[PDB]
Amino acid sequence: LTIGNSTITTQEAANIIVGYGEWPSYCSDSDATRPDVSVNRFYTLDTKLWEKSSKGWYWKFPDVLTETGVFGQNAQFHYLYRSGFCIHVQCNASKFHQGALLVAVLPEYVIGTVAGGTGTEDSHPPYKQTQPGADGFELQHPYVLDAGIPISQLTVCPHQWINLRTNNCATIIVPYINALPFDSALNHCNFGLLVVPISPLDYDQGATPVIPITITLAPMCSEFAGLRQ
Amino acid sequence: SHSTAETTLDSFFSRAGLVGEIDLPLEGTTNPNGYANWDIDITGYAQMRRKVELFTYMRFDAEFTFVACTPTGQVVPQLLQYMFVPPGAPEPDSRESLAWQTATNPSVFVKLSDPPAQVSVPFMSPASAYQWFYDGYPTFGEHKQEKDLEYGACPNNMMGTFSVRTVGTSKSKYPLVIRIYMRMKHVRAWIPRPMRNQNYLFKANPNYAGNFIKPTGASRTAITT
Amino acid sequence: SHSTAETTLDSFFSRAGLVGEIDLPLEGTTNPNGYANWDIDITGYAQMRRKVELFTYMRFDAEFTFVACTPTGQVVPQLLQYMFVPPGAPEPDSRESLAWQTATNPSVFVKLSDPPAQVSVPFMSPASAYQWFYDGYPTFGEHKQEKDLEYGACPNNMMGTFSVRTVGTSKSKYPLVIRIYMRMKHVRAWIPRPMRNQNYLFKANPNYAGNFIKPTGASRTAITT
Amino acid sequence: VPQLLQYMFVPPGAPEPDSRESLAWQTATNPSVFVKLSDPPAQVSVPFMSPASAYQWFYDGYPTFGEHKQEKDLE
Amino acid sequence: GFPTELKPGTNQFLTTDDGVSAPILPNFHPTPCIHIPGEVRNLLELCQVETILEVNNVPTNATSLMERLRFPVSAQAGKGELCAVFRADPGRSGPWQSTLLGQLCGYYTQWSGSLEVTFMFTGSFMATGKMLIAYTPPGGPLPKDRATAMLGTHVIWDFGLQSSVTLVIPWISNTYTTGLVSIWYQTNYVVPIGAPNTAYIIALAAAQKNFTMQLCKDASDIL
Amino acid sequence: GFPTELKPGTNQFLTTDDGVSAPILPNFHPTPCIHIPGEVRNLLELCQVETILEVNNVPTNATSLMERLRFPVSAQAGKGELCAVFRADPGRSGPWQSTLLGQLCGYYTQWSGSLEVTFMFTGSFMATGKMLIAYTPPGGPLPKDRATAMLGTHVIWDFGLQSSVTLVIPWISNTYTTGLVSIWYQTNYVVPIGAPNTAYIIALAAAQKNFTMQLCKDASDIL
Amino acid sequence: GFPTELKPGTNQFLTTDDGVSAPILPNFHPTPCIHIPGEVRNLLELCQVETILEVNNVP
């Protein structure tokens, strides 16, 4: 893609999947400024440690981007925000590497904490358990994903499978999907990113024990809108 | 059958299933004031909850019937009227509360010989679809310095409640048992969710037990069939 | 809902609200003669009065229902007939008065198993619109030298009254409770008046108390929100 | 007598109720009608829902669809 | 004589039922409705009429109930702040319920819309100055200072032009509870020698086309 | 006023009856349903979605529940037999009930159809070999040996071609209860020096057009 | 709401009555009847078939 000073090469001979094949539409109800010069540069999320004992990572959107990045600082001005997400997952392995990673996006993924004892009596999640920042937290038991959701039923939603054999990278376009076009920004959780490997990483001794996995995102439809309050 | 019209969604889902029995004995502690209020809870009964948990967002019309009888199955000549209180109007607290005077509800005069009346209410929820668990902050401000008890609370999501009471100044001399049958007519699927495999422990929270189980372990070995 | 037809004036105003209970006990002092007369008063009940006081002149049709039951909510096999006396005919005073013989009113033979009958009366008022307080002099002469008691009086504005009595020579052996539900169907606005803010003290006069109050004083200071 | 009665049919798929509080009484597929004994008995109709195309009370053959003929074939 | 089984809900009595029965007088007919000049077919036209609002509900004693209707402006204040208009909630108690629109919305549950507050200037003839109106988006708190109000959406109001005020939305987002509009003293009220140093201002509110209700329910708190 | 004798079944109450009554709110109308991008009109399209299957349900303790999702392949086995896929019965307990299709069919009684089981190869890059799939007709028992499986219907699967697998019926007759599909080790998994000797394989099943149910009945075993 | 006096014979039960009621399964439809070679529409054709007669019923 060549727009301005940006010059990158990607593979256009992959399986590009779009959710239900429908771009977001604009609302026309009555119930009630797009800078893309220094904001359109591609952002690379910090690399995760893909390792044999790695259990997976989860991220709440756009909760983790409310303040952390440039998206955070220019969302600190506008009360509302809505844009498309460019999923960018790539596999970098040699002829001696094995594995199979499953990546999916689940709208309205509810988080569940731990609650032991005979009597059901739960408290409210604290600040760090609700948003741990960029540090993240490794799933203790991904077989039901630390939330009572077993892996066997994650396929019911639009999904795709990652086989590192033929692809070198995968790009997924998920449109701005929501039940209410006018909704809160810092309150409602639109969706979350779950990366659950199926085949654990396998390699003989001598190779690099960690594979650098890259996550990149770009605003497909930058629209802050809203009003100053 | 041979025709595929019999095997459609209307006949698949059209089935009046029991939702609960209203206990109004001659004497008791639960409702000694001669009336009771029953909130409409779909998650209360397991099987209908398991049916509705396959989906999240949907659109249907509601029709209610009040089947009342004695524990012996006989009828008595007593005057009864079924009146629904809107959510906007507060629930009646005393026998002489002004909530009994809602003019918006028409009244029908019948006798127990007449089979139970049929009442229908449309989808009057303020939102476009049902949502029993609210993810997010109901407060629409920056207040996050105090104890946020609103997490999971929704003081706006009540659909109302029913008010069945003994009409008349004199106390009823007969014990009664009330049964209610529900079924969904117009079903549409908007946002699919995985159908629950692990049993729920509480109805107002998605919390689970610390000791998970396996759906089935009949297969001792993969070799044997 | 999505259609605007559900949110129209017909559904906004169509609501059968309680107007009063007719007390006809087995023994008592109010009506020991076995019958009673209830004048139709819209100003008697506060909420319907507060509803109708938004306007002055209007045009609607009236439909009446008589729901009768025992204080225990049971029915008894007793013969009852609902008969309305026109204003022209005088109200019956004795049990054997000739006012019971009005031929203009048809009769229907039913039993308590049949739900209560429905009776409708059109707008038969001599004037074109309702007027509960009469400003002016009913006398159409120059007489202003005596004590004019007619100020506010209107011997022509009665709309009639209902006559519910126990049919038969033998006295009824059961206590009864009667309830009546009212709602307006055809509403039109002709002369608007301000909607009342200060509570009335009497129903037949617009008089008020000498100690006026404030609708609300929650806001302690204008600065605080 | 003034007693409340309801006629409910259990499908073959659903098991027959064994106890007074069995969950088989909770079949949602069957609508309910509220009447009194003054009303004459209700009329209920069921179509031909048998898995086969026609009735067969005596079954000639082996229900087992295998080669097992070495044991006591009670089927 | 015709076959029919007793269907459920024949003798059922409904609170909201609308039925027709034979008139009590099949021979006496009501008089026809004659034409009268005063004529209204929908009360909604009366519903969106302009209404006055009583701001100074600070006093409560009977000895000061006379000046509730109007509020004064003082020249002693310099670069300060007169008053913050309360949140546009016709349901919540306060000055809103005293209004006809508030009494209207008191029988309903939900209400969503964008509100405009118009001010007409009633200073002295030789009085001059600039007064500034600014709106705050919902969610955000009250602006701390006049500079804080200025750094957001701002509208210039001149004393020679009365009705140029218009509703401009701050921003739209894609997702206390609601925001409020506030007024701040840009320039203190100044008059020369021989002119009075105080005046009175009148506040009025109206209803827009986008103001609607979906559900009706009978709920009166008073009395 | 019209002649009619009381026909049987007027006041009869039916469990499956579908009737309409007057709405409780004849004046409050529900809001219209607005357009949302996510849209499904029939849940059947979701019903024939692909589903993963959990084969290794051999363990039962909580200390080994993590590796249930995937199963390994070992090179130690030579010309042997990995596993026999269980009979395609969505109703019978086991791996079938864990599937979404099995949970779907758990509310029904009968099901007849022909099933295909697809496998995608996930060995090492330099790994080579031939793996063989064979189906057994119903009634006939499990094949005794790899030769016994070969003498029936047989399908050649190459590791370089992924989706060529298709459903071929063994034979049709004119008349245990149902047959099963089994996999046998034609060639042991071989890798050269420096490559790992183990790998993982994934099994997935889907629904065909000929999959239908005729009768609906409310029957839940859990809970 | 419509005038009708109770006519005789409404709730009457008849031995030979032929009526129709709502099906118990409004959503489960019976399978269509497939074509089979053996087909008879009237049993009368079977009724006038030839029959043997047993004369010697003396023993």
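Per the deposition metadata, cryo-EM was the technique used to determine this entry, at a resolution of 7.1 Å.

Caption draft 1: The overall build of chain D, seen in detail. If you tally the helices and strands in chain D, you get zero helices and zero strands. Relative to a compact globule of 75 residues, whose C-alpha radius of gyration would be 11 Å, chain D shows 20 Å and is clearly more extended. Taking the principal axes of its C-alpha atoms as reference, chain D extends roughly 60 × 30 × 25 Å. Across the 75 residues that make up chain D, the buried fraction comes to 21%. As displayed, chain D offers around 6,000 Å² of accessible surface, 58% of which is attributable to carbon and sulfur atoms. The averaged location of the 9 negative side-chain charges in chain D is 9 Å from the averaged location of its 4 positive side-chain charges.

Caption draft 2: Local environment of the overall build of chain A. The helix and strand inventory of chain A stands at two helices and 10 strands. The N-to-C order of helical and strand elements in chain A reads β-β-β-β-α-β-β-α-β-β-β-β. Relative to the 2.2 N^0.38 estimate, which gives 17 Å for 229 residues, the radius of gyration of chain A is 19 Å and therefore close to what a compact globule would have. When its C-alpha atoms are laid out on the principal axes, chain A stretches across 60 × 60 × 30 Å. With 229 residues in all, chain A has 41% of them scored as buried. Accessible surface, chain A as shown: approximately 13,200 Å² in total, 58% of it carbon and sulfur.

Caption draft 3: Quick look at the sheet that holds strand 7 (residues 161–166) of chain C. Residues and elements named next belong to chain C. Pairing in this open sheet of three strands is antiparallel, and the strands run 2-7-5 from one edge to the other. Since the sheet does not close on itself, it has two edges, and those belong to strand 2 (35–39) and strand 5 (80–85), each with one partner. Sheet twist, expressed as the mean angle between neighbouring strand axes with direction ignored, is 20 degrees. Both strand 5 and strand 7 contribute to a ladder of six bridges, which runs antiparallel. By the bridge assignment for strand 7, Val85 is matched with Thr161.

Caption draft 4: Examining the pattern of salt bridges more closely. Taken as a whole and assessed by the stated rule, the structure comprises seven salt bridges over all chains. Across the pair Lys52 of chain A and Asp202 of chain A runs a salt bridge whose closest N-O atoms are separated by 3.5 Å. Placement of the pair is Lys52 of chain A in the loop between strand 3 (43–50) and strand 4 (57–61) and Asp202 of chain A in strand 9 (residues 191–202), with a sequence separation of 150 residues. Among the residues examined, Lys52 of chain A registers a relative accessible area of 36% and is labelled partly exposed. With a shortest N-O distance of 2.7 Å, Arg41 of chain F and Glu39 of chain F are connected by a salt bridge.

Caption draft 5: Structural context of the packing of aromatic side chains. Under the counting rule described, the total for this entry stands at 39 aromatic pairs over all chains. A centroid spacing of 5.8 Å and a plane angle of 80 degrees characterise the contact between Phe84 of chain B and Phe162 of chain B, whose relative ring orientation is edge-to-face. Taken together, the residues span a long stretch of sequence, with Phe84 of chain B in strand 5 (residues 80–85) and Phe162 of chain B in strand 7 (residues 161–166) at a distance of 78 residues. Judged by relative accessible area, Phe84 of chain B falls into the buried class, the value being 15%. With a relative accessible area of 9%, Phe162 of chain B lands in the buried category. Judged by centre distance (5.6 Å) and plane angle (85 degrees), the ring pair of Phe123 of chain C and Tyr130 of chain C falls under edge-to-face. Of the two residues, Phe123 of chain C and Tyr130 of chain C, both sit in the buried class. Feature note: the residues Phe64, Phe66, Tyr82, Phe84 and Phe162 of chain B constitute an aromatic cluster, connected by ring pairs.

Caption draft 6: Summary view of the relation of the copies chain B and chain C. Between chain B and chain C, the superposition needs a rotation of 72 degrees and an axial shift of 0.0 Å, giving an RMSD of 0.0 Å. Here the transformation between the copies is reduced to the relation of a five-fold axis. Scanning chain B for the C-alpha nearest the rotation axis identifies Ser113 of chain B, at a separation of 5.5 Å.

Caption draft 7: A look at the interface of chain B and chain C. With 27 residues of chain B at the interface, the matching set in chain C holds 30 residues. Note on chain B versus chain C: buried area summed over both sides is about 2,200 Å², and carbon and sulfur give 58% of it. It is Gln101, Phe109 and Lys111 of chain B that lose the most area in chain B upon contact with chain C, and together they represent 34% of the buried surface on that side.

Caption draft 8: Summary view of the environment of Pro25 of chain C. All names here are of chain C. Mapped onto the elements of the fold, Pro25 is located in the loop between strand 1 (17–24) and strand 2. Taking relative accessible area as the criterion, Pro25 reaches 39% and is therefore assigned partly exposed. The spacing of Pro25 and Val76 is 51 residues in sequence and 14 Å in space, taken between C-alpha atoms.

Caption draft 9: Seen up close, the sheet that holds strand 5 of chain B. All names here are of chain B. Read from one edge to the other, the open sheet built from three strands follows the order 2-7-5, with strand pairing classed as antiparallel. Two strands bound the open sheet, and with one partner strand each, they are strand 2 (35–39) and strand 5. The average undirected angle you get between the axes of adjacent strands in this sheet is 20 degrees.

Caption draft 10: Region of interest: a nonpolar patch on the surface. On the surface, a nonpolar cluster with roughly 650 Å² of combined accessible area is contributed by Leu201, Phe202, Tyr208 and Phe212 of chain C together with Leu65 and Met66 of chain E. In this structure, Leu65 of chain E sits in the loop between strand 1 (51–52) and strand 2 (71–74). With a relative accessible area of 35%, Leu65 of chain E lands in the partly exposed category.

Caption draft 11: Looking closely at the nonpolar core. Of all hydrophobic cores here, the largest spans 39 residues; its most connected members are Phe64 and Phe66 of chain B together with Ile24 of chain F. Elements that contribute at least two residues to this core include exactly strand 1 (17–24), helix 2 (46–52), strand 3 (62–65), strand 6 (118–121), strand 7 and strand 8 (176–182) of chain B. It is strand 8 of chain B that contributes the most residues to this core, five residues altogether. With 31 residues, the next largest nonpolar core counts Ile22, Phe55, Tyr130 and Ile180 of chain C among its residues.

Caption draft 12: How the structure looks around the arrangement of the chains. If you rank the 17 pairs of chains in contact by how many contacts each has, first place goes to chains B and C. Contact between chain A and chain C is absent, and the minimum C-alpha spacing across the pair is 13 Å. Separated without contact, chain C and chain D have their nearest C-alpha atoms at a distance of 10 Å.

Caption draft 13: How the structure looks around the side chain of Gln74 of chain B. Looking at where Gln74 of chain B falls in the secondary structure, it is placed in the loop between strand 4 (67–69) and strand 5. If sequence neighbours within four positions are ignored, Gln74 of chain B has contacts with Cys69 of chain B together with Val1, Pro2, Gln3 and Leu4 of chain D.

Caption draft 14: Representation of the interface of chain D and chain B in the model. Across the boundary between the two partners, chain D contributes 19 residues, which contact 28 residues of chain B. Summing both partners gives a buried area of about 1,800 Å² for chain D against chain B, and 58% of it is carried by carbon and sulfur. Of all residues in chain D, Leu4, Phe34 and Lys36 of chain D give up the largest surface area on contact with chain B, accounting jointly for 40% of the area buried on that side. On inspection of chain D and its partner chain B, the count reaches zero salt bridges. Scanning the region where chain D abuts chain B turns up 16 residue pairs in polar contact. Of the residues assigned to the side of chain D that touches chain B, the class counts are 10 nonpolar, eight polar and one charged.

Caption draft 15: Structural detail: the environment of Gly152 of chain B. Summarising the element assignment, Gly152 of chain B is placed in the loop between strand 6 and strand 7. For the pair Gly152 of chain B and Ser107 of chain B, spaced 45 residues apart in sequence, the C-alpha separation works out to 38 Å.

Caption draft 16: Region of the structure containing unusual backbone geometry. Of note, the bond from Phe61 of chain A into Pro62 of chain A is cis; its omega dihedral lies within 30 degrees of zero at 0 degrees. The residue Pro62 of chain A is located in the loop between strand 4 and helix 1 (70–75) in this model. With an omega of -5 degrees, the peptide bond between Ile222 of chain F and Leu223 of chain F qualifies as cis. Mapped onto the secondary structure, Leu223 of chain F falls in the segment after strand 7 (198–205).

So, how was this worked out
Residues numbered from 1 in each chain as written, not as in the entry; some residues may be left out. Chains lettered and ligands numbered in written order. Part of a larger assembly, values for the part shown. Heavy atoms only, no water. Helix = DSSP H or I, 4+ residues; strand = E, 2+ residues; numbered from the N terminus. Rg over C-alpha atoms; globule rule 2.2 N^0.38 Å. Buried < 20%, exposed > 50% of the residue type's maximum accessible area, 1.4 Å probe, protein only. Areas by Shrake-Rupley, 256 points an atom, 1.4 Å probe, with all protein chains shown as cover. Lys, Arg positive; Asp, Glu negative; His and termini not counted. Charge placed at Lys NZ, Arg CZ, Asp CG, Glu CD. Pairing = 2+ DSSP bridges. Axes fitted to C-alpha atoms, helices over the stretch in contact; angles between N-to-C directions. Salt bridge = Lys/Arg side-chain N within 4 Å of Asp/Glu carboxyl O. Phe/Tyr/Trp six-rings, centres within 6.5 Å; stacked < 30°, edge-to-face > 60°. Least-squares fit on C-alpha atoms. Contact = heavy atoms within 4.5 Å. Buried area = accessible area lost by both parts, 1.4 Å probe. Patch = residues over 30% accessible without salt bridge, like charges linked within 9 Å, V, L, I, M, F, W, Y side chains within 5 Å. Core = buried A, V, L, I, M, F, W, Y, C linked by side-chain atoms within 4.5 Å. Polar contact = N/O pair within 3.5 Å; in protein donor to acceptor, adjacent residues only side chain to side chain. Nonpolar A, V, L, I, M, F, W, Y, C, P; charged D, E, K, R; others polar.

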